[PDB]
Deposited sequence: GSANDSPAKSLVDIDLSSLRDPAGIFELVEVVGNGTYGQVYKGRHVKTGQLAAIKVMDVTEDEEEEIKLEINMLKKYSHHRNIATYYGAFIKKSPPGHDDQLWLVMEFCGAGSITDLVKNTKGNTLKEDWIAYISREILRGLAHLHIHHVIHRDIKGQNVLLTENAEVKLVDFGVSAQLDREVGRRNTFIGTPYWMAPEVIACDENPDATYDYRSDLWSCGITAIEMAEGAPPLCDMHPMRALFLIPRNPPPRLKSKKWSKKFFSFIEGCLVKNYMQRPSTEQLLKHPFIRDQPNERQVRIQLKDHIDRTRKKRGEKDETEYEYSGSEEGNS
């Protein structure tokens, strides 16, 4: 069975949380997901294999902090440098250098390719859920655990969250009454996350959520506001954001996109991000 984390792990502050292994002082990242009084344990134990990939935060264990008056704690490796969303927020002009966006986007795609190959959909790709280590490595938070929880109807799948990263196919309407979706929905999210890095927020961020939900299936694909960006960047965004998912490139195709595939300054970019992380952290 799954334990209560007391005396094993404790929450420090939020970043997903900074958590601490109580007995050893080792740090961990803790994804807190409310849950309903078993088979949670089972899925985690199937999926945890997958978290070993370098671009996914490795699973440490899982715990539930009971109870009515429940909460799942997904414990994973600590990424000291915080989320890419915090990075952009703490960056002047709320925008990252294009070649930083190329590096980070590729790392996200490598992590996703790993899940997708094994028929896992992440379902929650956004800047908030992509973390950085001190050495500026890029790791996805979660690896299908929250995806499985969003499946079950019940008292802990009663809310619709933010719509800004949702692909068109995820949003029901009369020609799409069953909100049919697959792994390619994660790639639309990656595109939205790339804009997030470029502009500081996803498109439609200033719109009422309900209205954004209405506009996504009906508006053309979002584009970068500014023309300062390269043709290759615009092209990468276009690929992530193919309106009809049936024609959207897969993860392996996007990994071959010139924006992603050709990064002659990688070593330097990592060095720049590392320094930027230091200068900008709060």
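Mapping the modelled residues onto the deposited sequence reveals missing stretches at 1 to 17, 33 to 39, 62 to 64, 97 to 99, 313 to 332.
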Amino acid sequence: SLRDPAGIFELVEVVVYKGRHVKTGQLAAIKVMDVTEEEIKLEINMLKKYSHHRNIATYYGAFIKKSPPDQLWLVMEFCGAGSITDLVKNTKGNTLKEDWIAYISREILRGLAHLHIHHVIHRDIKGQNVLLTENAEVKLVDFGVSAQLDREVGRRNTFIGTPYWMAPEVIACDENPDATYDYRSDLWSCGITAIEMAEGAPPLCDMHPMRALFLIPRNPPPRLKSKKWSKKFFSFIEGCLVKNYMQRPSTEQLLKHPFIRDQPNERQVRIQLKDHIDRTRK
From here on, numbers count along this sequence of modelled residues.
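Basically, rigid core = biggest C-alpha set you can superpose within 1.5 Å across the two forms.
Farther from the shown form on average, by C-alpha root mean square after a core fit in 4 other deposited structures of this protein, is 56 to 64, of the stretches 56 to 64 and 240 to 248. Taking the rigid core as the alignment reference, the C-alpha atoms of 73 to 81 lie farther on average from the displayed form in 4 other deposited structures of this protein than those of the other stretch among 73 to 81 and 117 to 125. Annotation: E137 does not belong to the positions left without coordinates in a third of the other compared entries; each one with flanking residues models it. Annotation: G154 belongs to the positions left without coordinates in at least a third of the other compared entries, with flanking residues modelled. Checked against the record, the higher mean CA B factor of 264 to 272 and 5 to 13 lies with 5 to 13. Stretches 233 to 241 and 56 to 64 differ in mean CA B factor, with 56 to 64 having the higher one. Annotation for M246, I40, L213, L224: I40 ranks highest, by Cα B-factor.
For the set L140, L72, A201, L115, the maximum C-alpha B-factor listed in the entry falls on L72. Per the PDB record, residue ranking by Cα B-factor puts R155 in the highest third of the chain. Sort the modelled residues of the chain by CA B factor and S189 lands in the lowest third. For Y183, the recorded CA temperature factor ranks within the lowest third of the chain's modelled residues. The PDB entry assigns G161 a C-alpha temperature factor belonging to the lowest third of its chain's modelled residues. For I104, the recorded CA temperature factor ranks within the lowest third of the chain's modelled residues.
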